[PDB]
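Data block for structure.pdb (PDB, C-alpha atoms (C1' of nucleotides)):
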ATOM      1  CA  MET A  45       0.000   0.000   0.000
ATOM      2  CA  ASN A  46       2.986   2.271   0.746
ATOM      3  CA  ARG A  47       6.215   0.726  -0.525
ATOM      4  CA  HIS A  48       9.564   2.258   0.414
ATOM      5  CA  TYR A  49      12.636   2.044  -1.822
ATOM      6  CA  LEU A  50      16.294   2.950  -1.439
ATOM      7  CA  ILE A  51      17.756   4.572  -4.559
ATOM      8  CA  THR A  52      21.520   4.693  -5.058
ATOM      9  CA  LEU A  53      22.964   6.969  -7.747
ATOM     10  CA  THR A  54      26.343   6.070  -9.247
ATOM     11  CA  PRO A  55      28.061   8.851 -11.247
ATOM     12  CA  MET A  56      29.010   7.355 -14.601
ATOM     13  CA  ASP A  57      30.826  10.540 -15.680
ATOM     14  CA  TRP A  58      31.604  14.047 -14.459
ATOM     15  CA  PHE A  59      28.470  15.667 -13.049
ATOM     16  CA  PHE A  60      27.449  19.306 -12.683
ATOM     17  CA  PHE A  61      24.823  20.692 -10.313
ATOM     18  CA  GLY A  62      23.744  24.229 -11.097
ATOM     19  CA  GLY A  63      24.233  27.252  -8.867
ATOM     20  CA  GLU A  64      22.641  30.681  -8.647
ATOM     21  CA  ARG A  65      23.901  31.219 -12.234
ATOM     22  CA  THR A  66      24.631  34.817 -11.201
ATOM     23  CA  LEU A  67      25.411  37.144  -8.312
ATOM     24  CA  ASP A  68      22.847  39.490  -9.924
ATOM     25  CA  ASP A  69      20.058  39.338 -12.503
ATOM     26  CA  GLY A  70      18.956  40.738 -15.857
ATOM     27  CA  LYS A  71      20.643  39.119 -18.845
ATOM     28  CA  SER A  72      24.117  38.382 -17.436
ATOM     29  CA  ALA A  73      25.355  34.800 -17.287
ATOM     30  CA  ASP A  74      28.405  33.674 -15.241
ATOM     31  CA  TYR A  75      31.708  33.229 -17.040
ATOM     32  CA  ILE A  76      32.822  30.828 -14.295
ATOM     33  CA  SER A  77      30.032  28.336 -13.605
ATOM     34  CA  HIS A  78      30.579  26.480 -10.339
ATOM     35  CA  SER A  79      29.159  23.071  -9.464
ATOM     36  CA  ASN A  80      27.258  22.412  -6.258
ATOM     37  CA  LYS A  81      28.405  19.256  -4.498
ATOM     38  CA  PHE A  82      24.775  18.182  -4.024
ATOM     39  CA  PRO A  83      21.623  18.573  -6.110
ATOM     40  CA  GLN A  84      18.522  20.239  -4.771
ATOM     41  CA  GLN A  85      15.716  18.033  -3.492
ATOM     42  CA  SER A  86      13.694  19.531  -6.341
ATOM     43  CA  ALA A  87      16.122  17.842  -8.734
ATOM     44  CA  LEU A  88      15.578  14.489  -7.002
ATOM     45  CA  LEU A  89      11.796  14.883  -7.101
ATOM     46  CA  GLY A  90      11.874  15.887 -10.765
ATOM     47  CA  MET A  91      14.091  12.911 -11.573
ATOM     48  CA  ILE A  92      11.579  10.611  -9.873
ATOM     49  CA  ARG A  93       8.683  12.196 -11.783
ATOM     50  CA  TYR A  94      10.539  11.969 -15.105
ATOM     51  CA  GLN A  95      11.451   8.320 -14.556
ATOM     52  CA  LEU A  96       7.862   7.504 -13.575
ATOM     53  CA  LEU A  97       6.676   9.200 -16.774
ATOM     54  CA  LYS A  98       9.261   7.144 -18.666
ATOM     55  CA  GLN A  99       8.066   3.839 -17.184
ATOM     56  CA  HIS A 100       4.438   4.659 -18.020
ATOM     57  CA  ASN A 101       5.102   5.978 -21.512
ATOM     58  CA  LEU A 102       3.561   9.445 -21.138
ATOM     59  CA  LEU A 103       6.214  11.943 -22.236
ATOM     60  CA  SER A 104       6.115  15.433 -23.732
ATOM     61  CA  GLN A 105       7.687  14.984 -27.177
ATOM     62  CA  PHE A 106       8.205  17.445 -30.105
ATOM     63  CA  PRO A 107       6.795  20.976 -30.291
ATOM     64  CA  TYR A 108       3.616  21.303 -28.246
ATOM     65  CA  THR A 109       0.402  19.398 -27.550
ATOM     66  CA  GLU A 110      -2.450  19.190 -25.024
ATOM     67  CA  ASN A 111      -1.914  15.562 -23.966
ATOM     68  CA  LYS A 112      -5.394  14.035 -24.267
ATOM     69  CA  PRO A 113      -7.120  15.180 -21.035
ATOM     70  CA  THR A 114      -7.673  11.581 -19.904
ATOM     71  CA  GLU A 115      -3.892  11.246 -20.132
ATOM     72  CA  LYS A 116      -3.734  14.565 -18.275
ATOM     73  CA  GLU A 117      -5.756  13.001 -15.449
ATOM     74  CA  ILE A 118      -3.641   9.835 -15.340
ATOM     75  CA  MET A 119      -0.459  11.928 -15.315
ATOM     76  CA  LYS A 120      -1.918  14.064 -12.520
ATOM     77  CA  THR A 121      -2.663  11.016 -10.385
ATOM     78  CA  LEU A 122       0.771   9.559 -11.207
ATOM     79  CA  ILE A 123       3.179  12.480 -10.699
ATOM     80  CA  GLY A 124       0.910  15.208  -9.357
ATOM     81  CA  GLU A 125      -0.228  18.303 -11.219
ATOM     82  CA  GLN A 126       2.562  20.667 -10.205
ATOM     83  CA  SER A 127       6.295  20.878  -9.553
ATOM     84  CA  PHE A 128       8.082  21.590  -6.281
ATOM     85  CA  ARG A 129       7.427  25.161  -5.142
ATOM     86  CA  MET A 130       8.083  26.783  -1.782
ATOM     87  CA  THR A 131       4.748  28.617  -1.885
ATOM     88  CA  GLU A 132       3.130  25.481  -0.430
ATOM     89  CA  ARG A 133       5.879  25.023   2.159
ATOM     90  CA  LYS A 134       3.392  24.616   5.032
ATOM     91  CA  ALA A 135       1.108  22.160   3.220
ATOM     92  CA  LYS A 136       0.465  18.959   5.155
ATOM     93  CA  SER A 137       0.851  16.843   1.998
ATOM     94  CA  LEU A 138       3.462  16.730  -0.747
ATOM     95  CA  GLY A 139       0.762  17.505  -3.314
ATOM     96  CA  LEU A 140       2.384  15.151  -5.828
ATOM     97  CA  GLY A 141       1.032  11.863  -7.145
TER      98      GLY A 141
ATOM     99  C1'   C B   1     155.171   6.353 -75.695
ATOM    100  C1'   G B   2     151.822   2.474 -76.468
ATOM    101  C1'   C B   3     147.408   0.031 -74.634
ATOM    102  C1'   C B   4     143.299  -0.204 -71.160
ATOM    103  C1'   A B   5     138.381   0.834 -67.471
ATOM    104  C1'   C B   6     135.715  -0.421 -63.243
ATOM    105  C1'   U B   7     132.468   1.308 -58.735
ATOM    106  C1'   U B   8     128.340   3.925 -56.338
ATOM    107  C1'   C B   9     121.982   5.465 -57.785
ATOM    108  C1'   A B  10     118.135   7.722 -50.408
ATOM    109  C1'   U B  11     118.455   7.456 -46.096
ATOM    110  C1'   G B  12     117.073   9.863 -41.344
ATOM    111  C1'   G B  13     113.274  13.926 -39.231
ATOM    112  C1'   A B  14     108.539  16.561 -39.403
ATOM    113  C1'   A B  15     102.785  13.284 -41.299
ATOM    114  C1'   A B  16      99.027  18.276 -38.811
ATOM    115  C1'   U B  17      98.990  22.357 -34.823
ATOM    116  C1'   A B  18      96.068  26.472 -32.291
ATOM    117  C1'   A B  19      91.439  30.163 -32.466
ATOM    118  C1'   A B  20      86.335  30.409 -32.898
ATOM    119  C1'   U B  21      81.720  25.244 -31.253
ATOM    120  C1'   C B  22      76.585  29.136 -32.487
ATOM    121  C1'   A B  23      75.585  34.536 -31.596
ATOM    122  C1'   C B  24      71.204  38.412 -31.649
ATOM    123  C1'   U B  25      65.889  38.984 -32.192
ATOM    124  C1'   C B  26      61.133  37.261 -31.474
ATOM    125  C1'   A B  27      59.414  33.024 -26.162
ATOM    126  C1'   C B  28      53.166  33.950 -27.930
ATOM    127  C1'   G B  29      50.181  38.605 -30.496
ATOM    128  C1'   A B  30      44.682  39.721 -31.655
ATOM    129  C1'   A B  31      39.245  38.081 -30.850
ATOM    130  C1'   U B  32      35.883  35.818 -27.223
ATOM    131  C1'   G B  33      35.422  37.009 -20.297
ATOM    132  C1'   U B  34      29.608  34.431 -21.789
ATOM    133  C1'   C B  35      25.646  33.948 -25.659
ATOM    134  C1'   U B  36      20.526  31.899 -27.457
ATOM    135  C1'   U B  37      15.854  29.704 -25.580
TER     136        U B  37
END
Kindly return the structure encoded in the file as structure tokens.
Amino acid sequence: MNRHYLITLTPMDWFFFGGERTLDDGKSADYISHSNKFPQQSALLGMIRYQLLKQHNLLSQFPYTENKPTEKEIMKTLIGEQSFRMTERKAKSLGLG
RNA sequence: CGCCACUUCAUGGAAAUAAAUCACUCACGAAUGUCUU
């Protein structure tokens, strides 16, 4: 009913985890891009959602579509209807699928 | 005064010695220091 897994990630090559991308904003990029030693938990959650959408073959491919609202419902109940945001940081549930 | 020829056919020494053996210049120059979604 509620199965728990342990997921181990083995780096097969050199990895790069993004930073602030800038000490300011506007249009500037950073000439030196530094790698965080750890990814954000948002990255882990998005990886889980993407892999779940890969197992159940419901992926967003090539320009743009509307994804067959029944498929929209199944994707909502699989991965949730929304990404990780800190607006719902006090919500009692993860809000995902 | 007459008559008359033989012998010998390079050895020893020096057989390369000093000077210069790379020198000067250039030893990186210019563009890009983030860009497009």
Can you check which parts of chain B lie within 10 Å of chain A? Per residue, the shortest pair of atoms and distance in Å to one decimal, counting all atoms listed in the file, sorted by chain and number, as JSON lines.
{"residue": "B:33", "atom": "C1'", "partner": "A:75", "partner_atom": "CA", "distance": 6.2}
{"residue": "B:34", "atom": "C1'", "partner": "A:75", "partner_atom": "CA", "distance": 5.3}
{"residue": "B:35", "atom": "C1'", "partner": "A:73", "partner_atom": "CA", "distance": 8.4}
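For the file at hand, the PyMOL selection byres ((chain A and resi 83) around 6) resolves to residues 61, 82 and 84 of chain A.
Once the PyMOL selection byres ((chain A and resi 140) around 12) is applied to the depicted file, the selected set reads residues 89, 90, 92, 93, 119, 120, 121, 122, 123, 124, 125, 126, 127, 128, 129, 132, 135, 136, 137, 138, 139 and 141 of chain A.
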Worksheet entry | Atom pair atom CA of residue 53 of chain A / atom CA of residue 87 of chain A: separation (Å) |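 It comes out at 12.9 Å.
Interatomic distance, atom CA of residue 47 of chain A to atom CA of residue 114 of chain A: 26.2 Å.
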Discussion item. For a test of reading the model, state the distance in Å between atom CA of residue 50 of chain A and atom CA of residue 130 of chain A, rounded to one decimal.
Written reply: 25.2 Å
Worksheet entry | Shell around residue 104 of chain A at 12 Å using all atoms listed in the file, local window under 4 positions removed, as a list in words | residues 94, 97, 98, 108, 109, 110, 111, 112, 115, 116 and 119 of chain A
